[PDB]
>>> print(open('my_file_21.txt').read())   # compact mmCIF, C-alpha atoms
# COMPACT_ATOMS: atom_id res chain seq x y z
CA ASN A 13 -9.08 -31.72 7.12
CA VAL A 14 -12.64 -33.06 7.53
CA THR A 15 -14.08 -36.26 9.02
CA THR A 16 -16.65 -36.43 6.22
CA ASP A 17 -15.99 -37.73 2.71
CA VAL A 18 -15.99 -34.76 0.29
CA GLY A 19 -15.42 -37.13 -2.63
CA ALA A 20 -12.23 -37.98 -4.57
CA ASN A 21 -13.51 -35.79 -7.48
CA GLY A 22 -14.02 -38.95 -9.53
CA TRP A 23 -14.73 -42.70 -9.71
CA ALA A 24 -12.31 -45.02 -7.89
CA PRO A 25 -12.24 -48.88 -7.83
CA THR A 26 -12.08 -49.03 -4.03
CA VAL A 27 -15.27 -46.98 -3.56
CA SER A 28 -17.84 -49.56 -4.71
CA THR A 29 -17.00 -53.16 -3.74
CA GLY A 30 -18.86 -56.23 -2.49
CA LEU A 31 -17.22 -55.81 0.94
CA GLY A 32 -17.75 -52.07 1.46
CA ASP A 33 -19.49 -49.07 -0.12
CA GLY A 34 -18.66 -45.37 -0.11
CA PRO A 35 -20.43 -42.28 -1.61
CA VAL A 36 -20.55 -42.52 -5.41
CA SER A 37 -19.18 -39.66 -7.49
CA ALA A 38 -19.49 -38.52 -11.11
CA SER A 39 -16.50 -38.14 -13.43
CA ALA A 40 -15.90 -35.51 -16.12
CA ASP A 41 -17.39 -36.34 -19.53
CA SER A 42 -14.69 -36.26 -22.23
CA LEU A 43 -16.50 -35.05 -25.38
CA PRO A 44 -15.33 -33.92 -28.86
CA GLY A 45 -16.87 -31.05 -30.75
CA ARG A 46 -16.71 -27.33 -31.62
CA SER A 47 -15.39 -25.00 -28.92
CA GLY A 48 -18.08 -22.74 -27.52
CA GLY A 49 -19.98 -21.77 -24.39
CA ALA A 50 -17.54 -19.21 -23.01
CA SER A 51 -17.87 -15.78 -24.63
CA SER A 52 -14.80 -13.86 -25.85
CA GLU A 53 -12.80 -17.13 -25.70
CA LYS A 54 -14.73 -19.44 -28.07
CA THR A 55 -13.09 -20.00 -31.46
CA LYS A 64 -15.46 -39.80 -40.24
CA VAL A 65 -17.82 -40.77 -37.40
CA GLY A 66 -17.81 -44.38 -36.18
CA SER A 67 -19.40 -46.17 -33.20
CA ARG A 68 -17.06 -47.77 -30.66
CA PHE A 69 -18.88 -51.11 -30.33
CA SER A 70 -19.25 -54.14 -32.60
CA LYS A 71 -22.62 -55.14 -34.05
CA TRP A 72 -23.99 -58.71 -33.96
CA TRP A 73 -24.68 -58.72 -37.70
CA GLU A 74 -21.30 -57.26 -38.70
CA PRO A 75 -18.14 -59.42 -39.07
CA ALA A 112 -5.78 -2.84 -8.71
CA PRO A 113 -9.14 -1.05 -9.25
CA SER A 114 -9.24 0.21 -5.64
CA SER A 115 -5.88 1.24 -4.17
CA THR A 116 -4.65 4.02 -1.87
CA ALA A 117 -1.37 4.11 -3.83
CA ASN A 118 -3.41 5.25 -6.87
CA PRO A 119 -6.23 7.59 -5.72
CA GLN A 120 -8.59 8.66 -8.52
CA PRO A 121 -9.59 12.38 -8.53
CA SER A 122 -13.04 13.96 -8.30
CA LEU A 123 -15.17 15.25 -11.21
CA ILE A 124 -13.13 18.46 -11.39
CA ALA A 125 -9.85 17.04 -12.58
CA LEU A 126 -9.06 15.68 -16.05
CA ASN A 127 -9.03 11.87 -16.07
CA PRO A 128 -10.40 10.68 -19.44
CA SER A 129 -11.26 7.14 -20.58
CA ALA A 130 -13.31 5.50 -23.34
CA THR A 131 -15.33 2.39 -24.21
CA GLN A 132 -15.49 1.11 -27.80
CA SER A 133 -17.46 -1.70 -29.48
CA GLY A 134 -18.23 -2.04 -33.20
CA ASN A 135 -18.52 1.50 -34.62
CA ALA A 136 -19.69 2.92 -31.28
CA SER A 137 -17.66 4.97 -28.80
CA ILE A 138 -18.48 6.64 -25.47
CA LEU A 139 -16.09 9.21 -23.94
CA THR A 140 -15.70 10.76 -20.49
CA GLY A 141 -13.46 13.46 -19.04
CA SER A 142 -13.49 12.41 -15.38
CA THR A 143 -12.94 9.33 -13.18
CA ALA A 144 -15.17 6.49 -14.41
CA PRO A 145 -15.57 2.84 -13.30
CA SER A 146 -15.09 0.33 -16.15
CA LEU A 147 -14.80 -3.28 -15.02
CA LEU A 148 -15.48 -6.76 -16.42
CA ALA A 149 -17.44 -8.14 -13.40
CA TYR A 150 -16.13 -11.73 -13.80
CA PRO A 151 -13.09 -12.99 -15.71
CA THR A 152 -13.91 -14.88 -18.96
CA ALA A 153 -14.01 -18.68 -18.72
CA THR A 154 -12.57 -21.52 -20.83
CA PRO A 155 -14.41 -22.85 -23.91
CA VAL A 156 -16.22 -26.23 -23.95
CA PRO A 157 -17.09 -28.79 -26.67
CA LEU A 158 -20.60 -28.23 -28.06
CA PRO A 159 -23.16 -31.06 -28.46
CA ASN A 160 -24.40 -29.64 -31.76
CA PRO A 161 -22.36 -29.94 -35.02
CA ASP A 162 -23.68 -26.91 -36.93
CA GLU A 163 -21.45 -23.92 -37.59
CA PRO A 164 -22.54 -20.66 -35.85
CA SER A 165 -23.90 -17.55 -37.60
CA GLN A 166 -22.23 -14.34 -36.36
CA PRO A 167 -23.71 -10.81 -36.64
CA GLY A 168 -20.27 -9.25 -36.30
CA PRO A 169 -19.80 -5.45 -35.96
CA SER A 170 -23.43 -4.90 -36.98
CA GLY A 171 -24.63 -6.83 -33.96
CA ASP A 172 -21.84 -6.63 -31.35
CA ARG A 173 -21.96 -2.87 -30.79
CA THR A 174 -22.95 -0.32 -28.15
CA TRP A 175 -26.67 0.44 -28.56
CA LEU A 176 -28.69 3.24 -26.93
CA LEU A 177 -30.98 0.98 -24.87
CA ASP A 178 -33.06 3.68 -23.16
CA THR A 179 -33.16 7.29 -21.93
CA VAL A 180 -34.61 7.76 -18.43
CA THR A 181 -35.04 10.51 -15.78
CA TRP A 182 -33.48 10.40 -12.31
CA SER A 183 -35.36 12.64 -9.85
CA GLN A 184 -34.51 13.49 -6.24
CA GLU A 185 -37.81 12.00 -5.04
CA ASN B 13 40.28 37.24 8.33
CA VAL B 14 39.91 39.38 11.47
CA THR B 15 42.37 41.45 13.53
CA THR B 16 40.69 40.28 16.74
CA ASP B 17 41.27 36.93 18.43
CA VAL B 18 38.14 34.78 17.97
CA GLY B 19 39.74 32.00 20.02
CA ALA B 20 41.45 28.76 18.93
CA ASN B 21 38.29 26.82 20.01
CA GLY B 22 40.29 25.34 22.89
CA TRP B 23 43.15 25.61 25.42
CA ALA B 24 46.67 26.04 24.02
CA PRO B 25 50.04 26.13 25.91
CA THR B 26 51.14 29.36 24.22
CA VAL B 27 48.05 31.30 25.34
CA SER B 28 48.83 31.62 29.06
CA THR B 29 52.54 32.12 29.86
CA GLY B 30 54.64 34.18 32.26
CA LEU B 31 55.83 36.34 29.35
CA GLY B 32 52.50 36.98 27.61
CA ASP B 33 48.76 36.42 28.05
CA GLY B 34 45.95 35.94 25.54
CA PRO B 35 42.15 35.46 25.93
CA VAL B 36 41.39 32.22 27.79
CA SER B 37 39.05 29.68 26.21
CA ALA B 38 37.07 26.66 27.42
CA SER B 39 37.54 23.16 26.02
CA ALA B 40 34.90 20.48 25.39
CA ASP B 41 34.14 18.27 28.40
CA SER B 42 34.65 14.59 27.52
CA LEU B 43 32.04 12.72 29.61
CA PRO B 44 30.76 9.10 29.67
CA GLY B 45 27.15 8.16 30.18
CA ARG B 46 23.82 7.25 28.54
CA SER B 47 23.06 8.91 25.19
CA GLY B 48 20.23 11.41 25.43
CA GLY B 49 19.29 15.05 24.99
CA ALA B 50 18.52 15.00 21.28
CA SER B 51 15.03 13.69 20.47
CA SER B 52 14.48 11.08 17.74
CA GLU B 53 18.23 10.28 17.85
CA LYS B 54 18.78 9.22 21.50
CA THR B 55 19.19 5.47 22.03
CA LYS B 64 33.05 -0.62 37.70
CA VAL B 65 33.49 3.03 38.72
CA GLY B 66 36.90 4.15 40.03
CA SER B 67 38.42 7.56 40.83
CA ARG B 68 41.46 8.65 38.81
CA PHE B 69 43.59 9.90 41.72
CA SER B 70 45.49 8.16 44.53
CA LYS B 71 44.47 8.58 48.17
CA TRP B 72 46.95 9.41 50.97
CA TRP B 73 45.76 6.49 53.11
CA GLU B 74 45.79 3.93 50.29
CA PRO B 75 48.98 2.09 49.20
CA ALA B 112 13.17 21.31 -2.01
CA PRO B 113 9.98 22.46 -0.20
CA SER B 114 9.71 25.63 -2.33
CA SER B 115 10.69 25.23 -5.99
CA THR B 116 9.41 26.57 -9.32
CA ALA B 117 10.35 23.24 -10.96
CA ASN B 118 7.72 21.58 -8.70
CA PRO B 119 4.71 23.93 -8.30
CA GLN B 120 2.06 22.65 -5.89
CA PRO B 121 -1.60 23.07 -7.03
CA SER B 122 -4.46 24.94 -5.37
CA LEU B 123 -7.23 23.44 -3.19
CA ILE B 124 -9.11 22.22 -6.27
CA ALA B 125 -6.69 19.59 -7.46
CA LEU B 126 -5.99 16.21 -5.86
CA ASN B 127 -2.70 16.24 -3.92
CA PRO B 128 -3.10 14.01 -0.84
CA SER B 129 -0.72 13.52 2.10
CA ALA B 130 -0.89 12.16 5.66
CA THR B 131 0.66 12.46 9.12
CA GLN B 132 0.83 9.44 11.45
CA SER B 133 1.95 9.00 15.08
CA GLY B 134 1.01 6.16 17.43
CA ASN B 135 -2.50 5.00 16.46
CA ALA B 136 -3.45 8.45 15.15
CA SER B 137 -3.71 9.58 11.52
CA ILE B 138 -4.72 12.84 9.84
CA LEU B 139 -5.48 12.94 6.09
CA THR B 140 -5.81 15.71 3.51
CA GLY B 141 -6.78 15.82 -0.16
CA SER B 142 -5.02 19.04 -1.18
CA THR B 143 -1.60 20.74 -0.98
CA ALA B 144 -0.45 20.82 2.67
CA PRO B 145 2.76 22.06 4.34
CA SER B 146 4.47 19.39 6.50
CA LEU B 147 7.97 20.29 7.64
CA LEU B 148 10.31 19.48 10.53
CA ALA B 149 11.34 23.10 11.39
CA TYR B 150 14.92 22.17 12.42
CA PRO B 151 16.92 19.03 11.63
CA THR B 152 17.40 16.65 14.61
CA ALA B 153 20.68 16.97 16.52
CA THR B 154 23.27 14.48 17.81
CA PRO B 155 22.84 12.74 21.20
CA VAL B 156 24.93 13.66 24.28
CA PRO B 157 26.08 11.77 27.41
CA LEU B 158 23.68 12.29 30.34
CA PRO B 159 24.87 13.26 33.86
CA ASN B 160 22.30 10.97 35.48
CA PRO B 161 22.70 7.14 35.53
CA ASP B 162 19.04 6.08 35.80
CA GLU B 163 17.32 4.34 32.90
CA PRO B 164 14.44 6.34 31.29
CA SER B 165 10.74 5.43 31.46
CA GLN B 166 9.03 5.62 28.05
CA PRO B 167 5.26 6.05 27.47
CA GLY B 168 5.56 4.61 23.97
CA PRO B 169 2.58 4.60 21.54
CA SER B 170 0.23 5.50 24.39
CA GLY B 171 2.06 8.75 24.96
CA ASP B 172 3.77 9.64 21.66
CA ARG B 173 0.62 10.11 19.58
CA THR B 174 -1.39 12.85 17.87
CA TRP B 175 -3.82 14.31 20.42
CA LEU B 176 -6.76 16.68 19.79
CA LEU B 177 -5.35 19.64 21.75
CA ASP B 178 -8.21 22.10 21.18
CA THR B 179 -11.07 23.16 18.88
CA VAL B 180 -11.29 26.91 18.20
CA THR B 181 -13.21 29.37 15.97
CA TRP B 182 -11.58 31.62 13.36
CA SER B 183 -13.78 34.64 12.55
CA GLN B 184 -13.26 37.35 9.92
CA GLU B 185 -13.19 40.04 12.61
>>> encode(input="my_file_21.txt", output="structure tokens")
Amino acid sequence: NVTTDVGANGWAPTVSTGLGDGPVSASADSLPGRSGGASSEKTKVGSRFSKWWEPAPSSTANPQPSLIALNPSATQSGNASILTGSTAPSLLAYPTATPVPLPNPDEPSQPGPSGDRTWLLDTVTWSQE
Amino acid sequence: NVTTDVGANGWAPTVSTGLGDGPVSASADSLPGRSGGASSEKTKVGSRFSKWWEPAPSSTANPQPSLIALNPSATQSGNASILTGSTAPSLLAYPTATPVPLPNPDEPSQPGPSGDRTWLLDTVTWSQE
């Protein structure tokens, strides 16, 4: 629905020719390796060329009460837990993405429950000023 | 279950006779016309005689909370809406009745949403005196 060329999301034979030229595009790199990159979702070598020498949160149908009413929830991580007795927002801002092949071959070192836990980062004062 | 005559809810042949008379009663008038009268439910002429010249709201099983608790409801009419966050009475005092044939033949003029709407009738003060 546009006069401009948005790209065919890849490389086509009819794009670059000796009779006519269109805008060049990059294709997706197909790489092997260990799955990583995306958090909460991550879980013989030979060259391919011959050598010359080789042969809903917000909804009116579900209104959440004020501080007065009982509406408890909790957040847990590792051996840490934080409770509340009233309406509290608790949302993953963005949905988790799909894992990708890593360029490095080394196996990862994981801290586990000792690292992935809820830590008391800081205690601060909130004044009316 | 009464000694008195409450009426047979109509006109019977045995009521008025030359040998005996009972209390006369009126019958229902069967009339044609446009359906009207009852609100929220309303939606060739020839004479029948020859001429001489012619050939639960309140229930203990469902107790409604005080002003403190969340118990929202709303009332809408036209483009007007009134909300509340606590227990609120909202009752049609009497059930709507059945429509009746109108004596007048003219088609009604309706204001629609511009007329049937919730209007701010008045603002008044309620003192302890």
>>> calpha_fit_and_write(input="my_file_21.txt", fixed="chain A", moving="chain B", output="CSV table (one decimal) with C-alpha atoms, in the frame of the given file")
chain,number,residue,atom,x,y,z
B,13,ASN,CA,-9.1,-31.7,7.1
B,14,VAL,CA,-12.6,-33.1,7.5
B,15,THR,CA,-14.1,-36.3,9.0
B,16,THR,CA,-16.6,-36.4,6.2
B,17,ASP,CA,-16.0,-37.7,2.7
B,18,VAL,CA,-16.0,-34.8,0.3
B,19,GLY,CA,-15.4,-37.1,-2.6
B,20,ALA,CA,-12.2,-38.0,-4.6
B,21,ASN,CA,-13.5,-35.8,-7.5
B,22,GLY,CA,-14.0,-38.9,-9.5
B,23,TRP,CA,-14.7,-42.7,-9.7
B,24,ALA,CA,-12.3,-45.0,-7.9
B,25,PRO,CA,-12.2,-48.9,-7.8
B,26,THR,CA,-12.1,-49.0,-4.0
B,27,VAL,CA,-15.3,-47.0,-3.6
B,28,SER,CA,-17.8,-49.6,-4.7
B,29,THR,CA,-17.0,-53.2,-3.7
B,30,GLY,CA,-18.9,-56.2,-2.5
B,31,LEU,CA,-17.2,-55.8,0.9
B,32,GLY,CA,-17.8,-52.1,1.5
B,33,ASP,CA,-19.5,-49.1,-0.1
B,34,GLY,CA,-18.7,-45.4,-0.1
B,35,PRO,CA,-20.4,-42.3,-1.6
B,36,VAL,CA,-20.6,-42.5,-5.4
B,37,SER,CA,-19.2,-39.7,-7.5
B,38,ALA,CA,-19.5,-38.5,-11.1
B,39,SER,CA,-16.5,-38.1,-13.4
B,40,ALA,CA,-15.9,-35.5,-16.1
B,41,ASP,CA,-17.4,-36.3,-19.5
B,42,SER,CA,-14.7,-36.3,-22.2
B,43,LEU,CA,-16.5,-35.0,-25.4
B,44,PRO,CA,-15.3,-33.9,-28.9
B,45,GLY,CA,-16.9,-31.1,-30.8
B,46,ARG,CA,-16.7,-27.3,-31.6
B,47,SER,CA,-15.4,-25.0,-28.9
B,48,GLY,CA,-18.1,-22.7,-27.5
B,49,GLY,CA,-20.0,-21.8,-24.4
B,50,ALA,CA,-17.5,-19.2,-23.0
B,51,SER,CA,-17.9,-15.8,-24.6
B,52,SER,CA,-14.8,-13.9,-25.8
B,53,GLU,CA,-12.8,-17.1,-25.7
B,54,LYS,CA,-14.7,-19.4,-28.1
B,55,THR,CA,-13.1,-20.0,-31.5
B,64,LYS,CA,-15.5,-39.8,-40.2
B,65,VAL,CA,-17.8,-40.8,-37.4
B,66,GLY,CA,-17.8,-44.4,-36.2
B,67,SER,CA,-19.4,-46.2,-33.2
B,68,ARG,CA,-17.1,-47.8,-30.7
B,69,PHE,CA,-18.9,-51.1,-30.3
B,70,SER,CA,-19.2,-54.1,-32.6
B,71,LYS,CA,-22.6,-55.1,-34.1
B,72,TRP,CA,-24.0,-58.7,-34.0
B,73,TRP,CA,-24.7,-58.7,-37.7
B,74,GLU,CA,-21.3,-57.3,-38.7
B,75,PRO,CA,-18.1,-59.4,-39.1
B,112,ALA,CA,-5.8,-2.8,-8.7
B,113,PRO,CA,-9.1,-1.0,-9.3
B,114,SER,CA,-9.2,0.2,-5.6
B,115,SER,CA,-5.9,1.2,-4.2
B,116,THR,CA,-4.6,4.0,-1.9
B,117,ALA,CA,-1.4,4.1,-3.8
B,118,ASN,CA,-3.4,5.3,-6.9
B,119,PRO,CA,-6.2,7.6,-5.7
B,120,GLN,CA,-8.6,8.7,-8.5
B,121,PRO,CA,-9.6,12.4,-8.5
B,122,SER,CA,-13.0,14.0,-8.3
B,123,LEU,CA,-15.2,15.3,-11.2
B,124,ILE,CA,-13.1,18.5,-11.4
B,125,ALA,CA,-9.9,17.0,-12.6
B,126,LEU,CA,-9.1,15.7,-16.0
B,127,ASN,CA,-9.0,11.9,-16.1
B,128,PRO,CA,-10.4,10.7,-19.4
B,129,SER,CA,-11.3,7.1,-20.6
B,130,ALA,CA,-13.3,5.5,-23.3
B,131,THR,CA,-15.3,2.4,-24.2
B,132,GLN,CA,-15.5,1.1,-27.8
B,133,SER,CA,-17.5,-1.7,-29.5
B,134,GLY,CA,-18.2,-2.0,-33.2
B,135,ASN,CA,-18.5,1.5,-34.6
B,136,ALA,CA,-19.7,2.9,-31.3
B,137,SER,CA,-17.7,5.0,-28.8
B,138,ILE,CA,-18.5,6.6,-25.5
B,139,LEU,CA,-16.1,9.2,-23.9
B,140,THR,CA,-15.7,10.8,-20.5
B,141,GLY,CA,-13.5,13.5,-19.0
B,142,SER,CA,-13.5,12.4,-15.4
B,143,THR,CA,-12.9,9.3,-13.2
B,144,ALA,CA,-15.2,6.5,-14.4
B,145,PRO,CA,-15.6,2.8,-13.3
B,146,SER,CA,-15.1,0.3,-16.1
B,147,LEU,CA,-14.8,-3.3,-15.0
B,148,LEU,CA,-15.5,-6.8,-16.4
B,149,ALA,CA,-17.4,-8.1,-13.4
B,150,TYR,CA,-16.1,-11.7,-13.8
B,151,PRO,CA,-13.1,-13.0,-15.7
B,152,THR,CA,-13.9,-14.9,-19.0
B,153,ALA,CA,-14.0,-18.7,-18.7
B,154,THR,CA,-12.6,-21.5,-20.8
B,155,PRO,CA,-14.4,-22.8,-23.9
B,156,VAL,CA,-16.2,-26.2,-23.9
B,157,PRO,CA,-17.1,-28.8,-26.7
B,158,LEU,CA,-20.6,-28.2,-28.1
B,159,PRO,CA,-23.2,-31.1,-28.5
B,160,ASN,CA,-24.4,-29.6,-31.8
B,161,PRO,CA,-22.4,-29.9,-35.0
B,162,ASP,CA,-23.7,-26.9,-36.9
B,163,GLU,CA,-21.5,-23.9,-37.6
B,164,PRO,CA,-22.5,-20.7,-35.8
B,165,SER,CA,-23.9,-17.5,-37.6
B,166,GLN,CA,-22.2,-14.3,-36.4
B,167,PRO,CA,-23.7,-10.8,-36.6
B,168,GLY,CA,-20.3,-9.3,-36.3
B,169,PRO,CA,-19.8,-5.5,-36.0
B,170,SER,CA,-23.4,-4.9,-37.0
B,171,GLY,CA,-24.6,-6.8,-34.0
B,172,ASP,CA,-21.8,-6.6,-31.3
B,173,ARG,CA,-22.0,-2.9,-30.8
B,174,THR,CA,-22.9,-0.3,-28.1
B,175,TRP,CA,-26.7,0.4,-28.6
B,176,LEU,CA,-28.7,3.2,-26.9
B,177,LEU,CA,-31.0,1.0,-24.9
B,178,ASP,CA,-33.1,3.7,-23.2
B,179,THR,CA,-33.2,7.3,-21.9
B,180,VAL,CA,-34.6,7.8,-18.4
B,181,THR,CA,-35.0,10.5,-15.8
B,182,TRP,CA,-33.5,10.4,-12.3
B,183,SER,CA,-35.4,12.6,-9.9
B,184,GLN,CA,-34.5,13.5,-6.2
B,185,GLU,CA,-37.8,12.0,-5.0
>>> interface_residues(input="my_file_21.txt", of="chain B", to="chain A", cutoff="9 Å", atoms="only C-alpha atoms", output="number ranges by chain")
B: 124-126, 128
>>> residues_around(input="my_file_21.txt", residues="residue B:132", least_positions_apart="6", cutoff="12 Å", atoms="only C-alpha atoms", output="ChimeraX atom specification")
/B:138-139,146,169,172-175
>>> closest_residue(input="my_file_21.txt", among="B:136, B:129, B:163, B:142", to="residue B:176", atoms="all atoms listed in the file")
B:136
>>> residues_around(input="my_file_21.txt", residues="stretch 29-34 of chain A", least_positions_apart="6", cutoff="12 Å", atoms="only C-alpha atoms", output="list in words")
residues 16, 17, 18, 19, 20 and 23 of chain A
>>> closest_residue(input="my_file_21.txt", among="A:51, A:184, A:22, A:170", to="residue A:38", atoms="only C-alpha atoms")
A:22
>>> residues_around(input="my_file_21.txt", residues="residue A:43", least_positions_apart="6", cutoff="10 Å", atoms="all atoms listed in the file", output="ChimeraX atom specification")
/A:156-159
>>> closest_residue(input="my_file_21.txt", among="A:52, A:115, A:28, A:21", to="residue A:40", atoms="all atoms listed in the file")
A:21
>>> atom_distance(input="my_file_21.txt", atom1="atom CA of residue A:45", atom2="atom CA of residue A:166")
18.4 Å
>>> residues_around(input="my_file_21.txt", residues="residue A:145", least_positions_apart="2", cutoff="12 Å", atoms="all atoms listed in the file", output="ChimeraX atom specification")
/A:113-114,120,127-131,140,142-143,147-149
>>> residues_around(input="my_file_21.txt", residues="residue A:162", least_positions_apart="6", cutoff="12 Å", atoms="only C-alpha atoms", output="CSV table (one decimal) with C-alpha atoms, keeping the file's coordinate frame")
chain,number,residue,atom,x,y,z
A,45,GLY,CA,-16.9,-31.0,-30.8
A,46,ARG,CA,-16.7,-27.3,-31.6
A,47,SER,CA,-15.4,-25.0,-28.9
A,48,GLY,CA,-18.1,-22.7,-27.5
>>> atom_distance(input="my_file_21.txt", atom1="atom CA of residue A:15", atom2="atom CA of residue A:35")
13.8 Å
>>> decode(input="my_file_21.txt", residues="stretch 123-145 of chain B", atoms="N, CA and C atoms", output="short mmCIF file (atom, residue, chain, number, x, y, z; two decimals), in the first residue's frame")
data_model
loop_
_atom_site.label_atom_id
_atom_site.label_comp_id
_atom_site.auth_asym_id
_atom_site.auth_seq_id
_atom_site.Cartn_x
_atom_site.Cartn_y
_atom_site.Cartn_z
N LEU B 123 -20.30 1.73 53.44
CA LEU B 123 -19.64 2.67 52.54
C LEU B 123 -18.17 2.38 52.29
N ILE B 124 -17.54 1.70 53.25
CA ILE B 124 -16.11 1.39 53.17
C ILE B 124 -15.68 0.47 52.05
N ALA B 125 -16.42 -0.61 51.88
CA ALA B 125 -16.13 -1.60 50.88
C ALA B 125 -16.46 -1.21 49.46
N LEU B 126 -15.78 -1.83 48.51
CA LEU B 126 -16.03 -1.58 47.07
C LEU B 126 -17.26 -2.39 46.58
N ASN B 127 -18.29 -1.71 46.09
CA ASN B 127 -19.48 -2.29 45.59
C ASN B 127 -20.09 -1.32 44.58
N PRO B 128 -19.42 -1.19 43.42
CA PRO B 128 -19.85 -0.24 42.39
C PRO B 128 -21.06 -0.64 41.50
N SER B 129 -21.77 0.40 41.06
CA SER B 129 -22.94 0.27 40.20
C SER B 129 -23.09 1.55 39.40
N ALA B 130 -23.92 1.53 38.37
CA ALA B 130 -24.10 2.70 37.50
C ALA B 130 -25.50 2.81 36.92
N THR B 131 -25.89 4.04 36.57
CA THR B 131 -27.19 4.29 35.96
C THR B 131 -26.94 5.10 34.69
N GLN B 132 -27.43 4.59 33.57
CA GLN B 132 -27.25 5.26 32.27
C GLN B 132 -28.58 5.56 31.54
N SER B 133 -28.64 6.72 30.88
CA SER B 133 -29.80 7.10 30.09
C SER B 133 -29.37 8.17 29.09
N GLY B 134 -29.52 7.89 27.80
CA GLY B 134 -29.13 8.84 26.77
C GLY B 134 -27.60 8.87 26.75
N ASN B 135 -27.01 10.06 26.89
CA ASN B 135 -25.55 10.17 26.90
C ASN B 135 -25.06 10.50 28.30
N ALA B 136 -25.94 10.27 29.28
CA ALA B 136 -25.64 10.55 30.69
C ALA B 136 -25.36 9.30 31.51
N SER B 137 -24.39 9.40 32.41
CA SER B 137 -24.02 8.29 33.29
C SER B 137 -23.67 8.77 34.69
N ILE B 138 -24.10 8.03 35.70
CA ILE B 138 -23.80 8.39 37.09
C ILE B 138 -23.21 7.14 37.78
N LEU B 139 -21.99 7.26 38.29
CA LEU B 139 -21.31 6.16 38.95
C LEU B 139 -21.28 6.26 40.47
N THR B 140 -21.05 5.13 41.12
CA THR B 140 -20.89 5.06 42.57
C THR B 140 -19.89 3.95 42.90
N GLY B 141 -19.26 4.05 44.06
CA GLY B 141 -18.29 3.03 44.44
C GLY B 141 -18.71 2.21 45.65
N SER B 142 -19.90 2.50 46.18
CA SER B 142 -20.42 1.80 47.35
C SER B 142 -21.86 1.33 47.12
N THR B 143 -22.40 0.59 48.09
CA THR B 143 -23.77 0.08 48.05
C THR B 143 -24.76 1.21 47.75
N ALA B 144 -25.60 1.00 46.74
CA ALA B 144 -26.57 2.02 46.32
C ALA B 144 -27.89 1.39 45.89
N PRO B 145 -29.02 1.92 46.41
CA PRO B 145 -30.34 1.41 46.02
C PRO B 145 -30.67 1.89 44.59
#
